[PDB]
Amino acid sequence: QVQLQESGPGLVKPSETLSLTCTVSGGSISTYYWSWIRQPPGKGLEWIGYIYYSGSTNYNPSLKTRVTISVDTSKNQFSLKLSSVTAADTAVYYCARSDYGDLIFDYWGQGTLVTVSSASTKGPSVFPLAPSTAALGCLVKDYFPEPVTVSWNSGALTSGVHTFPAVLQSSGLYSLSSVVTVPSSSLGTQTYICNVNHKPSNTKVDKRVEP
Amino acid sequence: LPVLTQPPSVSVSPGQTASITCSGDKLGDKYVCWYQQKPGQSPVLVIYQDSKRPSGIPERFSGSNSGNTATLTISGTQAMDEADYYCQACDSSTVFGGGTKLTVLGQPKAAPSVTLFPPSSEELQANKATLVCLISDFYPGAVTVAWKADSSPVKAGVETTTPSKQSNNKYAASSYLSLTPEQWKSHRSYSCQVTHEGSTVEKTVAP
Amino acid sequence: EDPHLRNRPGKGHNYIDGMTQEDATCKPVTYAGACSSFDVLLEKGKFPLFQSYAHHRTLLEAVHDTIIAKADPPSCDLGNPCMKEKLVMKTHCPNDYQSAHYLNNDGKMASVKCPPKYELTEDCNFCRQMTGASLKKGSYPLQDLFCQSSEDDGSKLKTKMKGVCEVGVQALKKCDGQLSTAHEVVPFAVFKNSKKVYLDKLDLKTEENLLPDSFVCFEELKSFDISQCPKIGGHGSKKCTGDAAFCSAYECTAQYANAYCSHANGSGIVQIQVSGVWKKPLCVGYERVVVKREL
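Protein chains in written order, with the deposited numbering: chain H, 1 to 132, 140 to 218; chain L, 1 to 207; chain A, 1 to 78, 83 to 223, 240 to 315.
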């Protein structure tokens, strides 16, 4: 029944230290093994290390000199520190649970993307893609770094929502689009609001889309 | 430090039997796990301890390990099983394999559905202008996108994503055209032309 | 009925070297979780001697506390070096073990280890390919014993047993007559500088004290190391309370306490009678071995 939830900055400068936290919910640290695993964009899985409640650890030997994993039983979380970071550390970082030290990972978190870059965070502009079944949407323009999440009507509208993958522009800024298909009858009478969340800039926009 | 090698790219026609190999020295002395990863989500354990199945995993999934080689096999492979597959030495000195993309052949061609939005008036008030060309639900996963201002190819300012797999096994893509407000207003129409497997789908907008 | 049997003296490490995959529950053993190397010792009437001294150290705990040295070589996989000492001893192993460990004639910890994905047979003399669900992650104790640190020299203590010709791997004299043979459950002890000393009768007494291994401390229970507690008029990182014996030696804060510390009943220094004299052993135990008696 456990849920694992990774949190941390999405942007780390080269040579600086990366820091993440996994919050366990619907369960406890208990006697399990808690692991960090990462996946570079387009590449394979690599195990970083594990910890268990007593604080004892075990690290990938390729990384042991730069890795710290710590645990906080009172808060039901555990943390990763990866120091003197490099472009090779750009990756999705996953937390995972296993029963024993043979590291059979049967519960996984959702994954957080951490990009290593000297570029500045930039929060996105949001514009309405008005309807002409009707397609309407939200254009989320010129943000950094990825990701950006979109919901419609505070999550009340899920069927018929396609949030497209970002384009990376020549500027080095990202853009993407969210489109939702609705009844043509509804367009005068229902409210459609897109909610844009860019965590690395702590930006949050709710945009209304009308004809 | 250990290394396990899988093949990239295994191919299989539906209902047939796919087999993913994973090799390393004396791999048969270690227990092996297999994970399936689908686009945009976390790995899922499908086989553990060389051959056991987690509660709730279709029985067409089986595995075996002997000598220098572990094998994950799917009998009667569906479209559902298009994914990446990772083997792991779930034993003392843990390591993952490089991963195998599994493509299941013979799925039917589908043409892109294209929606094209003009510049919003808020953006025009920002003295900017973007046209959005949204391309969904096409298989196979390759398109080319040409933009026209009334008749003639657009000089500059188009950005197109590489195509990416959806949940339903089809692909999606986006094309953006940036213009000055003056370029937007000075022409009578703009077109997004999306070409998929020889045939072209074209939507237009006008100021 | 004692609720702190899993609250171990010393470090409480119950794992054998190179079987590291249940460290979270075995390094240290404590109130929560299952440990294939330790739990069996607490099942009713399976290890009677250890259960009467459960606050003393297991063989594995004694190894990781440097009270007992590891044999040389420390394992053996299944033909010559092992299996001499192992074959004179009659043991039953539950299913799914890859390893089992024992105190050898030199007083060191030896073990038998099966290949990967193999388990020990019920008599622990052979290995066979995995039958059943899962290999366990620890090692099975083949003897009923308990241990303690000791500086008492036993370089002069040798097995003495009336009418016995051979016990285990030790031949005590030359018997020319005919012998009767039997598997016997035999008490033994191990001292500083001695070999294994088999005995006709086990005779023990406990002397109680107020040393750290005479208390168990706890914050659902969680283990607490008493070394964090300040002795009276001295320094310490945490705040503690406990019974009167504890408060006689450590500081006691009934309101700001983190942990409570009771006397570990049965704890103390154990002594054994060897040829009429009381001596302090490193380990004391029972072993089922071949014994040959004159007729």
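We put the CB at the ideal spot given by N, CA and C, even for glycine.
Within a Cβ cutoff of 6 Å, which residues of the same chain sit near residue i, ignoring the five residues on either side of it in sequence?
i: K148 of chain L; result: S191
i: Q1 of chain H; result: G26
i: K185 of chain L; result: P207
i: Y32 of chain H; result: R97
i: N278 of chain A; result: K258, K259
Around the C-beta of residue i, are 16 or more other C-beta atoms found within 10 angstroms, so that it is buried, or is it exposed?
i: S218 of chain A; result: buried
i: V294 of chain A; result: buried
i: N65 of chain L; result: buried
i: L72 of chain L; result: buried
i: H255 of chain A; result: exposed
i: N58 of chain H; result: buried
i: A156 of chain L; result: exposed
i: residue 215 of chain L; result: The structure shown has nothing for residue 215 of chain L, since chain L only spans 1 to 207.
i: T17 of chain L; result: exposed
i: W298 of chain A; result: exposed
i: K166 of chain A; result: exposed
i: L20 of chain H; result: buried
i: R215 of chain H; result: exposed
i: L214 of chain A; result: exposed
i: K160 of chain A; result: exposed
Is residue i helix, strand or coil when you go by DSSP?
i: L164 of chain H; result: strand
i: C267 of chain A; result: helix
i: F47 of chain A; result: coil
i: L107 of chain A; result: strand
i: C118 of chain A; result: coil
i: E122 of chain L; result: helix
i: residue 252 of chain L; result: With chain L covering 1 to 207 only, the question about residue 252 of chain L has no answer from this structure.
i: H205 of chain H; result: strand
i: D245 of chain A; result: coil
i: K209 of chain A; result: strand
i: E188 of chain A; result: strand
i: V85 of chain H; result: coil
i: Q197 of chain H; result: coil
i: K148 of chain H; result: strand
Spatial neighbours of residue i within its chain, please: CB distance less than 7 Å, with the 5 preceding and 5 following residues excluded, ordered by chain position.
i: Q107 of chain L; result: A79, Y139, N169
i: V92 of chain A; result: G172, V173, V309, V310
i: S158 of chain H; result: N202
i: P218 of chain H; result: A130, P131, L194
i: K101 of chain L; result: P8, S9, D84
i: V12 of chain H; result: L18, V85, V114, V116
i: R66 of chain H; result: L82, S83, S84
i: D150 of chain L; result: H187, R188, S189
i: residue 236 of chain A; result: For residue 236 of chain A, nothing is modelled; it lies in the interval where chain A passes from 223 to 240 with no residues in between.
i: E314 of chain A; result: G167, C169, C179, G181, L183
i: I47 of chain L; result: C33, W34, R53, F61, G63, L72
Determine the closest residue to residue i out of the options, with distance taken between C-alpha atoms.
i: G158 of chain A; options: A:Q152, A:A193, A:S143; result: A:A193
i: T200 of chain L; options: L:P39, L:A111, L:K185, L:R60; result: L:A111
i: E89 of chain A; options: A:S103, A:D110, A:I67; result: A:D110
i: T130 of chain L; options: L:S136, L:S120, L:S13; result: L:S120
i: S175 of chain L; options: L:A18, L:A146, L:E182; result: L:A146
i: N197 of chain A; options: A:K112, A:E211, A:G142, A:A32; result: A:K112
i: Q197 of chain H; options: H:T156, H:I29, H:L146, H:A141; result: H:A141
i: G67 of chain L; options: L:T94, L:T144, L:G15, L:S23; result: L:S23
i: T188 of chain H; options: H:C145, H:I48, H:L20, H:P14; result: H:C145
i: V29 of chain A; options: A:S52, A:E61, A:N285; result: A:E61
i: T94 of chain L; options: H:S62, H:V168, H:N204, H:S120; result: H:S62
i: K128 of chain L; options: L:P181, L:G28, L:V158; result: L:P181
i: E123 of chain A; options: A:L107, A:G18, A:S103; result: A:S103
i: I200 of chain H; options: H:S192, H:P207, H:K211; result: H:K211
Can residue i be considered in contact with the ligand ATP, in the sense that its beta carbon sits closer than 7 Å to one or more heavy atoms?
i: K211 of chain H; result: Annotation note on the ligand ATP: not contained in the displayed structure, which lists no ligands.
Who are the neighbours of residue i on chain D, taking C-beta pairs under 7 Å?
i: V132 of chain L; result: No chain D appears in this structure, whose protein chains are H, L and A.
Got a sec? Which residues, its chain only, sit under 8 Å from residue i by beta carbon, not counting five neighbours each side?
i: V189 of chain A; result: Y306, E307, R308
i: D149 of chain H; result: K122, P124, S125, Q176, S178, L180, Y181, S182
i: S120 of chain H; result: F151
i: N285 of chain A; result: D2, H55
Within 8 Å, do at least three Cβ pairs link the region 194–205 of chain A to the region 32–51 of chain A? no
Three-pair Cβ contact test at 8 Å for the region 1–18 of chain L versus the region 166–183 of chain H = Not touching, per the Cβ criterion.
Handout entry: Inter-stretch contact at 8 Å, needing at least 3 Cβ pairs: the region 261–272 of chain A / the region 121–132 of chain A
Key = Fewer than three pairs of CB atoms, one per stretch, sit closer than 8 Å, so the region 261–272 of chain A makes no contact with the region 121–132 of chain A.
- Task: Pair every Cβ in the region 176–187 of chain L with every Cβ in the region 10–17 of chain A, then say whether three or more of these pairs are closer than 8 Å.
- Result: no
Taking contact to mean 3 or more Cβ pairs, one atom from each stretch, closer than 8 Å, check whether the region 100–107 of chain H and the region 150–169 of chain H are in contact.
no
Fill in: Given 8 Å, three or more beta-carbon pairs between the region 88–100 of chain H and the region 121–128 of chain H
Counting C-beta pairs closer than 8 Å gives fewer than three between the region 88–100 of chain H and the region 121–128 of chain H, which falls short of the contact rule.
- Message: For the region 35–51 of chain H against the region 32–41 of chain A, do three or more pairs of beta-carbon atoms, one drawn from each stretch, fall closer than 8 Å, so that the two count as touching?
- Response: no
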